Amino acid sequence: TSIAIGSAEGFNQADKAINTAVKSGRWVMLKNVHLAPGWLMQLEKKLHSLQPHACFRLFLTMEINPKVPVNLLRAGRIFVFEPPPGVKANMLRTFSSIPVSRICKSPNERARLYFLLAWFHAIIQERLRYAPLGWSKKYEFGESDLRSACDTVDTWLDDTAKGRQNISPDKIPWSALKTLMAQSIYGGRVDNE
Amino acid sequence: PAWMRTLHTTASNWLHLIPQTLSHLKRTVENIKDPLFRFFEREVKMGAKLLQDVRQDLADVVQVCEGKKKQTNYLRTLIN
Amino acid sequence: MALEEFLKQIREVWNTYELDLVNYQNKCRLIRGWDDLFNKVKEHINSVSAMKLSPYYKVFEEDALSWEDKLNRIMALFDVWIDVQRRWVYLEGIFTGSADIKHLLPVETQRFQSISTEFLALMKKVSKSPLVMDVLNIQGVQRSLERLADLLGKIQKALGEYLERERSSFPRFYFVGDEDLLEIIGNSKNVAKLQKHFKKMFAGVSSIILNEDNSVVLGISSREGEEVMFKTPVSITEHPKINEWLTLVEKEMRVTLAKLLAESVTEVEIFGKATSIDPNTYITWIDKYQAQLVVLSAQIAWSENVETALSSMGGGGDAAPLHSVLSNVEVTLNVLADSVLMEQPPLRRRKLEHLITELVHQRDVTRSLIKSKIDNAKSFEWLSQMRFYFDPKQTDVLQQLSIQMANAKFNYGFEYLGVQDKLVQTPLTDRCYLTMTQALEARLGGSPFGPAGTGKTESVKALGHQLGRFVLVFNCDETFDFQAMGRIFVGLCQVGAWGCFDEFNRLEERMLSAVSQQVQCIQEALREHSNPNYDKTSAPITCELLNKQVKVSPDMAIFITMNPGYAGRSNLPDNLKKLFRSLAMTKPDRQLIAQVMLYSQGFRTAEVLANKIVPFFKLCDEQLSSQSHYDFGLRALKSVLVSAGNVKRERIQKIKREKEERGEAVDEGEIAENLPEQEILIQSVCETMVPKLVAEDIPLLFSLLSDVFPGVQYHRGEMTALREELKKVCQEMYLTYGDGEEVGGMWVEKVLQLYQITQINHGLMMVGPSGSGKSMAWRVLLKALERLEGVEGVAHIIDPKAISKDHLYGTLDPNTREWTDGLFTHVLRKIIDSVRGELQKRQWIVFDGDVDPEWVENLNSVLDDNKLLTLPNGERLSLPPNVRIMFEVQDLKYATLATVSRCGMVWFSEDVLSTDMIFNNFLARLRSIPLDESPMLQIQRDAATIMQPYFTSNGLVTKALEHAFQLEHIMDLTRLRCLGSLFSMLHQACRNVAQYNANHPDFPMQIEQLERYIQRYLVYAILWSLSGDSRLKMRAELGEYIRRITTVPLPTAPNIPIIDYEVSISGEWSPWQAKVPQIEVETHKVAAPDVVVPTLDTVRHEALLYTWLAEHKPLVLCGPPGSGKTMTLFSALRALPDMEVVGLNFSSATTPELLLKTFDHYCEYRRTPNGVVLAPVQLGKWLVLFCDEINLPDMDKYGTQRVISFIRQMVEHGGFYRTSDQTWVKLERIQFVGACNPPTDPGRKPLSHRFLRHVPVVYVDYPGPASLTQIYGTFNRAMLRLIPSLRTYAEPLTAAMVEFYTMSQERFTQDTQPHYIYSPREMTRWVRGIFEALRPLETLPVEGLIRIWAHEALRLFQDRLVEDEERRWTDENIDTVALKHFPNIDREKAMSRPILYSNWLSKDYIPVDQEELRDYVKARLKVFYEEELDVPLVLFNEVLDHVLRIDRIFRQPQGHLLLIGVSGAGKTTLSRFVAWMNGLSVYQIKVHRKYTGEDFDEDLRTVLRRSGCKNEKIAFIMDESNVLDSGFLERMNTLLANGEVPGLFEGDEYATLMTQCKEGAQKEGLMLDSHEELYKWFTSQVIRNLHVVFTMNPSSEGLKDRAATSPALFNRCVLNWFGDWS
Ligand SMILES: Nc1ncnc2c1ncn2[C@@H]1O[C@H](COP(=O)(O)OP(=O)(O)OP(=O)(O)O)[C@@H](O)[C@H]1O
Ligand SMILES: Nc1ncnc2c1ncn2[C@@H]1O[C@H](COP(=O)(O)OP(=O)(O)O)[C@@H](O)[C@H]1O
Ligand SMILES: Nc1ncnc2c1ncn2[C@@H]1O[C@H](COP(=O)(O)OP(=O)(O)O)[C@@H](O)[C@H]1O
Ligand SMILES: Nc1ncnc2c1ncn2[C@@H]1O[C@H](COP(=O)(O)OP(=O)(O)O)[C@@H](O)[C@H]1O
Ligand SMILES: [Mg+2]
Ligand SMILES: [Mg+2]
């Protein structure tokens, strides 16, 4: 049960979902909990005096904001999500996120296209570290761009290759992938010539 | 005070570095037709205005640091 | 004698006038013809006033007065009847037409039947006797109508649940408010009233077409008159339900457009694949079909031709039929250009421009395809384009057309859009289309982001219109919460409409996260809708919205627009951003936009013009001076291009008319060739950009016009007809008019510029410094347009920052989800409804006030081309063409680029309003308007002649005013503040002469006497009006300079400044010293609060205030705290008996509510024919509102104080608005007086220049050492009369007191501690303290007098000290001062360090020994433990001193304590002990976690009731921890200063309190019956029975914060720094 924090009705859903899950053993995820620091202090107190089911899990997604109460940070286990340290780490994360069955489809050339996708994505984010030189500003090149890129490759590969096992590299719609990526997927965030 | 003396030296030293005079460009019937004069007149006008403000602000600061004038709300913010 | 005939005519009309009655479904006879009834009443009322103007009015006055009462009653009765009748009509159709409401809502269905039966009863009575006077003579008819209106509102407000259900039946009702939805449902039978509501539910349907039965819907119509005829007419008889046949109309609208599109496609296939096209055949096809169909068919024909050509070239080596496609487009475009060159009907012209825009895009695309050597139809350089495929073989007409772009396929929604302004398909537009369509295919939203004016909002609509979608634009703000936005989604999902949410980052971040759930849930429904496995035969796709299952249409889409570069905007959560596809649109292709727009408008040199006009806008942005009100973006370029087409059309019409009236020779080709297109564009540029330019930039732009457009000049038209109207209006309004270089020519030019901007823009901004003539410009223009065009002009002036944003736009109740209208919303909705003919008038809504992004960004969609006011409840209000939105502002330093771009700008400068014209206005008013309401006017005319030589260019006043701006004033000096001060004083001089003439009926003032008095008075007035807000030195400076320039005789004193002289009515100078005598105060009135020792400064300020106060002119007293501002005003108010003063203590948290609470107590709201008037309850009394801390109220981040704007509105406009009913309230008999410290003081802010223009300021500085000696030497001389032996010590004692006060004031300042303020208030307390001790003493040796003097000084100057070093200074300096002024006295006897005084060991206040005091306190503490509090206390010397200080204040009237020290030091315990010793009852509030402001008010009411009605002495002990909100301190501040809270007792609480006050006054033996004396006795009781003890910790920043949050804590409370234990 996933709930987005921020509304009065959302707190009611969060309290109800937690109460149900600690007895049934379900998983509850509360997102952007950094927007309600006051309610976070109440929630940590509720969690401490509680004996939930063995399979119960509560995941709290939030930004790294100083407003998050310290007691909640001490009560929970902290996992930091940030850009991977390097190109190799970036490419390993991409290949882990994309399911194997998606990459290993009928066209044998799909695997190579996904690799160029991972390499292009990895190079792009690693350039973001060098803010003035790699790019001109902190563009939000993220997982959404990679997922949209993967969908675009899948759509146009299946369009050109009608279920065939092998497609010659000349027939791959390179122009479609390049143009949609430079204008819509990654170029949409770009506002500099 | 320690900071009161420290700010006095900085304000007086700063007044030495910044120049004191900057004359506005003169409008002429044929000067207006020159785009270069059209751009440059804005440059000096902005420069002369801003020069007058900063120097006056520092002047007031040295006056406060010597106790000659009382601190105001703007002067408190500027000194802070 | 013609007056009698007019009365007879009016009598005959009303004796013959009858209410026009028409039957209503055989139920009653409803009143018809309201407009004639209201117009006749208005015409007769205006006539009734005219007869009064004539002197013959007296002979028929009583009969005329009796008449105006009757017409006012007629107007009052029928101003409600029209509302009642209309409300009953649609309420009747709901409780009768529908059957489910009787079971659902039975209770108020019977309630409606009861009130209805009353309504038919009343209607039949009106029927029996249709005479208007007979209807008016029905007993209680006015009360009956109001009761009907009140009841109908309750039933109407109780139909919300029914309305929500009806919206589910017809989904488009979700975009209609509750007010209009009830009208639609009730008026289902009579469709004629439904025509004004179709625009809110459809994109392009403004009205429907019916047969002459009004039973069959034959089609639909647009706002431009374009009609679509249904192939299958919808009959309302077969489907009587409103929601049933509306669905059929919507369904038929889509089908008939699809079938017409199929016919048009077949027709347009002939024009395609054709080498030559006949213009007549093409034009006939264009006129046959609708605007959106001709563009769509041309899109289809071109797409198939390219697809056909690319299939032919698929072999690679084949020929290139792509050239045939290009030539056909070029041939068609040539016919299109030729058609535009010749005159065309407006509807056909717009169709041609849309077709031109499309084919220019097609030509560019086809040229690109040829240049790219494209030979395959599957190439992405063709698939990336948007292609249109038609399949006539498809059975479903709604599926015959498919729109494809890349891999995204869309079906045309076939929603009728009317005639929408097409966009030029720029490469940025294509990139937007590609990205947004990719998002649509991914079932994701779109986020075009970038700076303002880049085409983001139009791009979303343009793409939606291209797909035939209903795009709804929402201007979002912080009020768009989870529930409001979720309900908007429900309407969009069920309808299948596009929702474009602009400024979507203006939502709160918590709200932004919350709506992500709904957007994600909606997209999952859309994603599962696109899967081929789903079949429409199964259950329709539904999603979870607002805990309801809501059907989702596949045509639904969500688009958000933001400017992420605006500081202070919310950051979207990442889980929300991943739900959208973002695209940066930062640099629109303006050159291509300009070229295509000019090409479609009929310019032969469009390419040359575009290459000249786009760089020119860039040149103006970088070469003109940088001003915050300058905008040279695409929106400004869009306006000039549109106006260029309008000007060219107007010029072409002009040339044709000249040819027609000069011979007969008209040729379109000749006119088009010999037409100065350069001058047309230049005229359009100047008409839009000149008014905003500053004086220095006007030559700059006209120079730039010479390089870019050499040889063409701008000759503005001479609006002779309007100028004559302006001259007449200005003459009647006492305003100076000039032509060109004459005095006032610049102002007249600004007015003409304002008139031109009104015609181009519906949004305007008058920008300029305070007193630049902005308001006078639009007032004169509004009247002149009324007298010229004959259209009545109505102006609604709103101060947006004088009220809250909730009160300005409206509030959505979080619980019941009910919408209440705001101020702007109510005015706009009333105009739109036009119940009283508001659409036939020129309605101007002026936003006179400060502009900041929080409130004005809500008007973005209003000031765009959308012209919609979007509210969070899903309601959208369209701006009528007769409404203008104006902003009268003094600066735009806080406005953003979005607001500035959307509005036309006229820049006003102080130069526009020349000082000469202000002098002329003052003199013209003086010679015309009598001051009584004329002998006074005659005096005014002779006086105006005398001041004429001085009110001239570079005259005495002008020269003085110029010299005054070079001096230093306690407040910012503005021209109109000084002159308004001068004019009011000159009015007093005329009133003074009248008084002399009245006092001397035999000998009135002579001309020579008047001349001398006016001349001397004028110099006297100039000094005080121009230097009253300055210190003594600059008052001397101004007097010296005036002596240098003036020819008026002046006092010949060698060194005494002129400011020390007054002007006697004798016309001779007389020193002010003659009015200040050395008075001797009585012994019992020594240093009393109401006793003022006259001085030079006192008499000068008193006579000054009397001059200003009398004229009822608001004024501000400025000076250091304790200088004597409050003392002077009360002393000056004594000469004003009819004036009653109410004291208000402003704080940092003060809002206009405190002003409103005072009004609800001392005044009453009276409804009058003119309107609601707020006047004091006391009759013949002027209420003086005295505000003590006017510059204390908090400034927001945009430099505005809400209460100051409220007061500025109340003075400049004479009233305010009631948020309860958005009703204008006019003040009467209510004046305002302000007091403040200099703005440079901490916590004080500079007052707005617009406010300061109406309030003169006089600086009251501290009295000098010579003045202090006189003020307090007198008090000492009287005080020391009790003991004759000490009388010889009166002089040295004052000298010691004066000296020590000066050293203490110089040694301790606010720089060290925030509370280190020393004023003559301490010196007054010094004399009171010595006098109080000396009263009982029969005799005292000089040594005892010094001991008392030393003791009081230690209590006044040492108790507040923080550091021991300061206290040691006080102790030693006191030793030195006393020995300096009292030599040869016993030093040890009179100055033993334990200086302790008490009245505990005896009856009198005499010095007490430390050990005897300790023993007595020990004995009392023993009783204290066994009776009240058993907490043992260790007694040390500091405790003994503290309990004596606390005992001192508890024995004083209105005595309050501020104990500052570390927690646990004994402050609370000691205060309870002394309070028990003095018999005071200890009251403490019990704060818990649920303690709120309402609990504090009830707790306060308990203390006030006990200490005010029961005569009970109570020590109210309050700690800083007890304060849970700023509301606590606001009431505490008022209670500490005045002794009463204005809004504490209201309703039944006030009624009970007056009963207790009557009982309490009866107990005391006083006979008070009326409420106002009961409250005054109650206030006097609390001031003498309540002792508030505030305890706080010695925080550094907390003390400074409290000095502004609660100013009374440092002025009315004695501060005692206990600190920590030493
Ligand atoms: N053309 C004119 N001739 C003579 N007197 C004028 C003229 N225009 C304005 N005035 C007078 O001068 C003063 C200017 O006030 P006005 O309200 O026009 O200024 P403003 O620029 O709108 O001020 P603010 O920004 O303070 O609202 C008023 O007293 C007005 O009566
Ligand atoms: N491609 C275009 N063709 C014609 N006009 C355009 C184009 N793009 C923008 N405009 C004009 O620019 C003006 C401002 O655009 P707007 O929708 O306000 O952009 P934003 O969403 O950035 O505020 C609109 O009136 C629109 O007519
Ligand atoms: N001419 C005077 N005669 C008598 N008292 C004076 C005179 N001038 C000043 N004072 C004293 O100065 C004090 C002014 O206090 P207040 O009226 O509250 O000033 P403000 O309103 O500026 O704070 C009074 O207590 C008054 O006794
Ligand atoms: N002079 C004193 N002798 C002994 N105890 C004291 C004395 N003053 C304060 N206390 C202690 O302080 C407690 C009461 O708190 P209080 O002093 O009233 O707080 P505050 O000083 O913050 O008002 C009592 O329990 C008492 O023991
Ligand atoms: Mg927009
Ligand atoms: Mg004004």
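First the proteins, then the strands, lettered A, B, ... as listed; each starts at 1. Whatever order the structure lists them in is the order used to number ligands and atoms, beginning at 1.
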Out of all atoms in ligand 4, which are within 4.0 Å of some heavy atom of [X]? Include the element for each.
{"X": "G1464(C)", "answer": "9 (C), 17 (O), 19 (O), 20 (P), 21 (O), 22 (O)"}
{"X": "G1466(C)", "answer": "8 (N), 9 (C), 17 (O), 21 (O)"}
{"X": "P1432(C)", "answer": "4 (C), 5 (N)"}

Using a 4.0 Å heavy-atom cut-off, which part of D502(C) comes near ligand 2: side chain, backbone, both, or neither? neither
Consider ligand 3: state whether an atom of it lies below 4.0 angstrom from any non-hydrogen atom of [X].
{"X": "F1186(C)", "answer": "no"}
{"X": "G1124(C)", "answer": "yes"}
{"X": "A1235(C)", "answer": "no"}
{"X": "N1611(C)", "answer": "no"}

Using a plain distance cutoff, I'd like to know if [X] has any nitrogen or oxygen under 3.5 Å from a nitrogen or oxygen of ligand 2.
{"X": "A452(C)", "value": "no"}
{"X": "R635(C)", "value": "yes"}
{"X": "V424(C)", "value": "yes"}

Could you tell me the residue and atom name of the protein heavy atom closest to [atom], and the distance to it rounded to 0.1 Å?
{"atom": "atom 23 (O) of ligand 4", "answer": "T1468(C) OG1, 2.6 Å"}
{"atom": "atom 1 (N) of ligand 4", "answer": "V1434(C) O, 3.3 Å"}
{"atom": "atom 16 (P) of ligand 4", "answer": "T1469(C) OG1, 3.5 Å"}
{"atom": "atom 7 (C) of ligand 4", "answer": "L1433(C) CD2, 3.9 Å"}
{"atom": "atom 5 (N) of ligand 2", "answer": "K638(C) NZ, 3.8 Å"}
{"atom": "atom 25 (O) of ligand 4", "answer": "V1431(C) CG1, 4.0 Å"}

Geometry only, no angles: is [X] polar-contacting ligand 3 at N/O separations under 3.5 Å?
{"X": "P1121(C)", "answer": "no"}
{"X": "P1320(C)", "answer": "no"}
{"X": "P1094(C)", "answer": "no"}
{"X": "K1125(C)", "answer": "yes"}
{"X": "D1188(C)", "answer": "no"}

Does ligand 2 have an atom that lies less than 4.0 angstrom from a heavy atom of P588(C)?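 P588(C): no contact with ligand 2 (<4.0 Å).
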Is the closest basic N to carboxylate O distance between [X] and [Y] below 4.0 Å?
{"X": "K422(C)", "Y": "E358(C)", "result": "no"}
{"X": "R350(C)", "Y": "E353(C)", "result": "no"}
{"X": "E857(C)", "Y": "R569(C)", "result": "yes"}
{"X": "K1085(C)", "Y": "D1090(C)", "result": "no"}

What class does the angle between the rings of [X] and [Y] fall in, given that below 30° is parallel, 30 to 60° is tilted and above 60° is perpendicular?
{"X": "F501(C)", "Y": "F474(C)", "value": "parallel"}
{"X": "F1473(C)", "Y": "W1476(C)", "value": "parallel"}
{"X": "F559(C)", "Y": "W498(C)", "value": "tilted"}
{"X": "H1315(C)", "Y": "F1610(C)", "value": "tilted"}
{"X": "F504(C)", "Y": "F580(C)", "value": "tilted"}

Numbered atoms of ligand 2 (with element) below 4.0 Å of [X], judged on heavy atoms:
{"X": "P451(C)", "result": "22 (O)"}
{"X": "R902(C)", "result": "23 (O)"}
{"X": "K456(C)", "result": "19 (O), 20 (P), 21 (O), 22 (O)"}
{"X": "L634(C)", "result": "9 (C), 10 (N), 11 (C), 12 (O)"}
{"X": "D865(C)", "result": "24 (C), 25 (O)"}

Looking only at heavy atoms of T1591(C), does any of them come nearer than 4.0 Å to an atom of ligand 4?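 No; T1591(C) lies far enough from ligand 4 that no heavy-atom distance drops under 4.0 Å.
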Among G1122(C), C1118(C), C1236(C), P1089(C), which one has a heavy atom closest to atom 14 (C) of ligand 3?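 Ranked by closest heavy atom to atom 14 (C) of ligand 3, first place is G1122(C).
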Nearest-option assignment for atom 22 (O) of ligand 2, heavy atoms, candidates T454(C), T429(C), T357(C): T454(C)
Only heavy atoms of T1126(C), strictly under 4.0 Å: list the atoms of ligand 3 that pass. 17 (O), 20 (P), 21 (O)
Using a strict cut-off of 4.0 Å, indicate which atoms of ligand 3 neighbour a heavy atom of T1098(C).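 Answer, ordered by atom number: 1 (N).
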Please work out, at 4.0 Å between heavy atoms, whether the side chain, the backbone, both, or neither of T1324(C) comes within that distance of ligand 3. side chain
Any heavy atom of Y1272(C) under 4.0 Å from ligand 3? The part involved is side chain
Looking at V1260(C) and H1101(C), what are the two nearest heavy atoms and their distance? CG2-ND1, 3.8 Å
side-chain contact (heavy atoms from CB on, under 4.5 Å), that's the test. Do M1127(C) and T1098(C) meet it? Break it down for me. CA-CA 9 Å; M1127(C) 185 213 60; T1098(C) 284; 4.3 Å; yes
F1275(C) ring center near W1326(C) ring center (under 6.0 Å):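 No: the rings miss the under 6.0 Å criterion.
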Looking at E1082(C), I'd like to know if its CD atom is crowded, meaning that more than 12 non-hydrogen atoms belonging to other residues, nucleotides or ligands lie closer than 6.0 Å.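 Result for CD/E1082(C): open.
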Geometry only, no angles: is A1465(C) polar-contacting ligand 4 at N/O separations under 3.5 Å? yes
